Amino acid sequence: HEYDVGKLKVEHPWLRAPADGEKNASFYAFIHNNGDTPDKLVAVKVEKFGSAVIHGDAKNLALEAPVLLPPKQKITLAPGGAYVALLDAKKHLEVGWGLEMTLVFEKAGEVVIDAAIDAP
């Protein structure tokens, strides 16, 4: 599944459900900038988590930094690379359901998505 906003496409947003005992999750997606002007993923809003921290600099995965989206390029958020940390889960996440999230882009603005929840 995929979502479009402006000239951006967010393809198969997904995450691995927290392991039993853990309250944190890692959010992943394949983001395309199909436009001629740059953009940035600057925030993520999720009701089921206390906060969301964008780790968009693949060279330094401990830094809180937006995901830069240069024109005409595909940026992948994936395990072992850039990702969004979802911190302080409020209820248990059901594998097979979606996690409803709002992505906030600097120029293209907000888009409401459903992330596919995988087993731990």
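Counting begins at 1, following the sequence as shown.
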query	finding
Comparing 78 to 86 with 56 to 64, the one whose average Cα B-factor in the PDB entry is higher	56 to 64
Given 46 to 54 and 87 to 95, the range whose Cα B-factors average higher in the PDB entry	87 to 95
Position of residue 104 among the chain's modelled residues by C-alpha B-factor, lowest, middle or highest third	middle
Third of chain Cα B-factors occupied by residue 2	lowest
Third of the chain's Cα B-factor distribution that residue 110 belongs to, per the entry	middle
Third of the chain, ranked by Cα B-factor, where residue 8 sits	middle
Chain-wide C-alpha B factor ranking for residue 37, given as lowest, middle or highest third	highest
